[PDB]
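Visitor: Only the shape, not the letters, is given here:
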RNA sequence: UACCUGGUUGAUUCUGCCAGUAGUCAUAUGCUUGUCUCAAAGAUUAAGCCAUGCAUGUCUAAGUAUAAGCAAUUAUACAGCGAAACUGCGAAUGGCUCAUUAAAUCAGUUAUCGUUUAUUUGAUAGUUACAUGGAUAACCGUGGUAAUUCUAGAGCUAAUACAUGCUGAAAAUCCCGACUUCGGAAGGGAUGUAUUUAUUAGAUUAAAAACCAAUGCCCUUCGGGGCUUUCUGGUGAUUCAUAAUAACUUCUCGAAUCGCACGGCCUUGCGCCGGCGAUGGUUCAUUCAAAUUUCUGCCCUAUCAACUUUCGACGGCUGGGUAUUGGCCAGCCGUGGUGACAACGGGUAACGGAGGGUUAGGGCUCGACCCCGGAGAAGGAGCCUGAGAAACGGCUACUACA
RNA sequence: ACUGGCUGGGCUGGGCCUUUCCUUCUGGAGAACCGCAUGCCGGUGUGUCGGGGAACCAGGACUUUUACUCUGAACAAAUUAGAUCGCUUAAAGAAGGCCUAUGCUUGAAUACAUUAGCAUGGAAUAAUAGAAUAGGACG
């Protein structure tokens, strides 16, 4: 099958090599497995020394994490929007490492609301259709947040306005093709400047 | 170097979180949130341009994840027209026992040069063995010798 | 070569086994165990070629199989068992106890010991650190791993093991003034006193030793084996590892032979 | 044993070769052959072609026995030996040959902080349960074909095969909180190990103070004077070893397994506890190793002087793939890399080395061949099982033979 | 074969002086020379008595670079040279030997390869850099 040796190559002075030996059991390679978006399907391969690997073909949700607040909830992924290597991947929504995707904030925002009773990214005041609230079953709990707010602080303005639309930017940092779990984290700060201009300009 | 970020991806040291709300000043460069670096040893000193810099180069033996172990050699800079690599020249003397006198020989080698150092043609160099980086690069520049008149 | 090798051809065996170049084509091929293949003592050559108890291959296997001989207190019946440095082999039904130890020529001897001194060993430590869960442990030269050892102990030192429970009983440092015994090289079997040490950051440091007769020699650290600071903790064999030269050796041997006869 | 003789001329002295003399673990052949010790032998041309016979199987008290199997008569589940067959392991070691190969193999010397490892050795895992489910072999009996180590359909049954599957106890940590005397609290969940991601700890070199905000306090004359305090391993060098937090998984492991002994307690119940072994099991360490890898070293040729990148040639970046690094592969971007110190190409009646033959010293020549390393089983390619194969006394297809 | 002597003659080496001496910091233990007294015949163990500069060890910093030579480490077995033992001798082999013995005792040595790589001493020989528009050294 495929081979990954160096014999078939050409030396650094330009000299063509000669034939040395037949192909070997080790040094082989396998057909690159492709991962896209779809119903969960997984293939298992048996590697050297009685070990196994996992192959991602279609995925819809994976573990993501917000480092600053330390919340990790397996949210659902919408679509890859930008890939640094080549544009061809984005159109067909095939996801690889360091691919900017779209993630919703349904679990993450829900966790933030428990963390504090403070509105986050609300520009629907004109409509106020969904405005509702429920009384916390104590007053000591407000004391806890009234003191937690003192040191933790508030989310920076640029990131907030992203929740208004309800779509967050993420980067995949796992290896779909080896492990099978498309893990990722959520970006913040000065990193926004570089990617923001690139993505929609 | 003009711009630090000029590629498709974003260049950053791995596992170095920068966007923390609280700010704390301390030691241990990696832990605090500033540039990380280590020391190679053998009496070699990390230059100041490596610590008070902004370049990202995952290959550089300082501020990177490559260890140096094995031979240590010296040579010549014969060309620096390439991108962050150089070619070194080393001369020696063969024996030829039958005729009881020596020959001159010649060999060229390719070593990774870090962005920290600056090396124009005609200068000394010291290299050390590392992990296989490219098809023909297995060494890294460590000490540019002072320039004599 | 399409797998591991499983035969070992005669004329390639280690020289210190003292096998003849005639009488067969193959050698015992020691199996895999705690000691290196190049530095080990097969039980079969010990029983048949050294003690002369058995005459043939067949009778050799009967002795280990009948559970009549036990290395280090555990009766192991495999023939090609690797026995190595400082280990204690005991045969109780006949009341002999031996220790594998070098002579001044770099080979193994038939050393007799007493039943009181056959109940402890000592070994060099190669790595000390903490395993899983934070427990600290160390492993010696015959693949004994003990945990929860005295924290003061450091690498390259020597520790004493009890051989029935297996806990450190005492320790030794590695510095100037100790008593050592070399285990490999040209200087196999010498006994000396650490004069001073020289360190080369990057590999293969050297040490200088001084004999009792004021001789001088040197070796690498990974080849010295400390067996005491003073008053060696084991019974040295005949000759005490003093490395006489050729000239005196012939002179004294003839004198002793004539005097006896 | 550091050695020479005959031959051009009518005769002489030279340069110069031809011939003579000796060895060879160096081959063939002719003539001849009484004894003792030792024993090489289809390599050279044809890695050309092959009839026939053989060269790899395996059982102990310890995986599975209703043989209409043998042997007795201590076993009313069995209990001794034991055909056939299922299951486990090896068959990847040995043995043969030298076709290809000119920085390729190989030699000495380095590295894995860049990886895999059955087996061996030593440690090591608290978060219906007097025991769970369906097939199949051997076996009785009915068949096909001229042809085979081809096999069909019908009726039974075992697992250390396959698939499920509870396991005793408490503490401590982070969250949710029934509840207001604005001060802590009822009860509620999670917490082994395997995988993946993100964050945190993993310190330290010599000292004296002075300010902002405030809360554990001791002594105490209630004026107040104060203030002491715990750990943290290793290498020349790391994001190392190890620990903590938030989570995740078509998701593992934590013994439904076999032999010997026949013991101790008191509510005397077909009760409770108890020994030595075999076979297995997650992780770490070791051994036999394996795969890559740093420096230097090869015979002849210029009637071979400029080579490499179309379709990777030198490097940078982002990914894919492999047990792991790497222009190994996929995309984007620079224009490089080697050479008279002989590159590139061509020849070899060329496997490399340890070494053999002959000698003043310096050398010349041979090395298929008993030891180490490499490659191959007619020529090419492709693959299943397994820790280990691109295997050929394993399979698939083409070529050439048969 | 053993013992002493020559201010015996030499060869190799180590210390000081002559403008030359030979880097430096931290820590360890401790001898000789010094003063005390319990003791004996100008001296010593005395003691948790104390003051100097120096031999060793451990730790840190500094020094023109290659060639050359000496000494170390590490590097198969077989083969080469070579020690011992009357296989009846020899080529070979690694055996064997002693008394009477229900026993004792030994050997299976040593040197070389020599290029490349790792340390150490030497500083002649053959190359190479340093202050000149001072952009020089020290406090």
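Guide: Perfect, thanks for sending it. Numbers count the residues shown, from 1 in each chain, chains lettered A, B, ... in the order given.
Visitor: Please enumerate the helices of the chain.
Guide: All of this refers to chain A. Assigned by DSSP state H, the helices in chain A fall at A:88-92, A:106-115, A:140-152, A:157-165, A:176-179, A:191-200.
Visitor: I was after chain C.
Guide: Under the criterion DSSP H, helices of chain C are mapped to C:43-45, C:57-65, C:246-260.
Visitor: Of all those helices, which one comes closest to chain B?
Guide: helix C:246-260 (32.9 Å; C-beta to the nearest C-beta). Bear in mind the C-beta positions are built from the backbone N, C-alpha and C, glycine included.
Visitor: Report the buried residues of the closest one.
Guide: Buried residues in helix C:246-260, counted by 16 or more other C-beta atoms under 10 Å in any protein chain shown: none are found.
Visitor: Stretch C:203-222 too?
Guide: Within stretch C:203-222, the residues that qualify as buried are C:207-209, C:217, C:219, counting by 16+ other C-beta under 10 Å.
Visitor: With respect to residue C:184, which of those residues is nearest?
Guide: residue C:219 (8.6 Å; C-beta to C-beta).
Visitor: if we can go back for a sec, arrange the helices of chain A in CSV, one row each, with mean neighbour count and distance to RNA strand D as further columns.
Guide: Listed next are those as CSV, based on neighbours: other C-beta atoms under 10 Å in any protein chain shown; distance: least, C-beta to the nearest atom of the strand, whole Å:
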stretch, mean neighbour count, distance to RNA strand D
helix A:88-92, 12, 7
helix A:106-115, 14, 6
helix A:140-152, 11, 3
helix A:157-165, 13, 16
helix A:176-179, 17, 3
helix A:191-200, 13, 12
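Visitor: Between those helices, which one is closest to residue C:174.
Guide: helix A:176-179 (45.1 Å).
Visitor: Close to chain B: what parts of chain A are there?
Guide: Contact residues, chain A versus chain B (C-beta under 8 Å from any C-beta of the partner chain): A:12, A:67-68, A:84-85, A:98, A:151-153, A:188-191, A:194-195.
Visitor: Quick check: the two most widely separated of the residues you listed?
Guide: Longest span within these, C-beta to C-beta: A:12 and A:151, 59.1 Å.
Visitor: Distance to residue A:160 added to the helices of chain C, as a markdown table?
Guide: As requested, the helices of chain C are exported to a markdown table (distance: least, C-beta to C-beta, whole Å):
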| stretch | distance to residue A:160 |
| --- | --- |
| helix C:43-45 | 78 |
| helix C:57-65 | 79 |
| helix C:246-260 | 92 |
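Visitor: sorry, back to before: can I get the buried residues of stretch C:203-222 in CSV with distance to chain B?
Guide: As requested, those are arranged in CSV below (distance: C-beta to the nearest C-beta, whole Å):
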residue, distance to chain B
C:207, 22
C:208, 24
C:209, 28
C:217, 29
C:219, 24
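Visitor: Pull the distance from stretch B:29-39 to the chain's centre.
Guide: Relative to the mean C-alpha coordinate of its chain, stretch B:29-39 is positioned 19 Å out (C-alpha atoms, centre = their mean, to the nearest Å).
Visitor: and residue C:95, what does it touch?
Guide: residue C:115 (C-beta atoms under 8 Å, 6 or more residues apart in numbering or on different chains).
Visitor: what do you get for residue B:128?
Guide: With C-beta under 8 Å, 6+ apart, residue B:128 has these contacts: B:40, B:61, B:68-73, B:139-140, B:142.
Visitor: what about 10 Å?
Guide: Residues near residue B:128 by C-beta atoms under 10 Å, 6 or more residues apart in numbering or on different chains: B:40, B:42, B:44, B:61, B:67-73, B:111, B:138-143.
Visitor: same question, residue C:167
Guide: C:146, C:148-149, C:159-161.
Visitor: Would you mind checking the residues you listed for buried ones?
Guide: Buried, going by 16+ other C-beta under 10 Å: C:146, C:149, C:159-161, out of those.
Visitor: and chain B, which of those residues contact it?
Guide: By C-beta under 10 Å from any C-beta of the partner chain, no member of those lies near chain B.
Visitor: just to revisit the earlier point, and the furthest pair within the contacts of residue C:167?
Guide: Largest separation among those by C-beta to C-beta: C:148 and C:160, giving 15.8 Å.
Visitor: What is the neighbour count of the residue in chain C that RNA strand E sits nearest to?
Guide: Among the residues of chain C, residue C:185 lies nearest to RNA strand E; the distance is 2.6 Å by C-beta to the nearest atom of the strand. Look at residue C:185: counted by other C-beta atoms under 10 Å in any protein chain shown, it has 13 neighbours.
Visitor: My understanding was that it contacts residue C:102; is that so?
Guide: No. If you go by C-beta atoms under 10 Å, residue C:185 and residue C:102 don't touch, sitting 11.0 Å apart.
Visitor: shared neighbours, those two?
Guide: Taking C-beta under 10 Å, 6+ apart as the criterion, residue C:185 and residue C:102 do not both touch any residue.
Visitor: re the thing from before, for the residue of chain C closest to RNA strand E, give me its contacts.
Guide: Here residue C:185 is in contact with C:106, C:217, C:219-220, C:223-224 (criterion: C-beta under 10 Å, 6+ apart).
Visitor: Reformat these as CSV; add distance to RNA strand E.
Guide: Shown next, in CSV, are these (distance: C-beta to the nearest atom of the strand, whole Å):
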residue, distance to RNA strand E
C:106, 7
C:217, 5
C:219, 5
C:220, 5
C:223, 6
C:224, 10
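Visitor: Go through those and say which is closest to RNA strand D.
Guide: Nearest to RNA strand D out of those is residue C:220 (C-beta to the nearest atom of the strand; 10.1 Å).
Visitor: Format the contacts of residue C:167 as JSON lines; extra columns: distance to RNA strand D.
Guide: Formatted as JSON lines, the contacts of residue C:167 follow (distance: C-beta to the nearest atom of the strand, whole Å):
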{"residue": "C:146", "distance to RNA strand D": "7"}
{"residue": "C:148", "distance to RNA strand D": "9"}
{"residue": "C:149", "distance to RNA strand D": "11"}
{"residue": "C:159", "distance to RNA strand D": "14"}
{"residue": "C:160", "distance to RNA strand D": "16"}
{"residue": "C:161", "distance to RNA strand D": "10"}
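Visitor: out of the residues you listed, which are inside strands?
Guide: Using DSSP state E, the members of the contacts of residue C:167 that fall in strands are C:146, C:159-161.
Visitor: of the residues you listed, closest to residue C:130?
Guide: residue C:146 (13.2 Å).
Visitor: buried sites along stretch C:40-58?
Guide: For stretch C:40-58, burial by neighbour count (16+ other C-beta under 10 Å) applies to C:40-49, C:54.
Visitor: Tell me if the longest strand anywhere in chain A is near RNA strand D.
Guide: Secondary structure assigned by DSSP E gives strand A:51-59 as the longest strand of chain A. Yes. Counting by C-beta under 7 Å from any atom of the strand, RNA strand D has neighbours in strand A:51-59: A:51, A:53-55.
Visitor: top of those residues by neighbour count?
Guide: Highest neighbour count within the residues of strand A:51-59 next to RNA strand D: residue A:55, with 19 neighbours (other C-beta under 10 Å).
Visitor: So what pairs up with that residue in the strands?
Guide: Beta bridges link residue A:55 to residue A:43, judged by DSSP bridges.
Visitor: List the contacts of it.
Guide: When contacts are counted by C-beta under 10 Å, 6+ apart, residue A:55 is found next to A:30, A:32-35, A:41-45, A:176-180.
Visitor: picking up where we left off before, for the contacts of residue C:185, work out which two are farthest apart.
Guide: C:106 and C:220 (16.1 Å).
Visitor: coming back round to it: turn the contacts of residue C:167 into a markdown table, including distance to residue C:175.
Guide: Output for those, formatted as a markdown table (distance: C-beta to C-beta, whole Å):
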| residue | distance to residue C:175 |
| --- | --- |
| C:146 | 23 |
| C:148 | 25 |
| C:149 | 19 |
| C:159 | 16 |
| C:160 | 18 |
| C:161 | 22 |
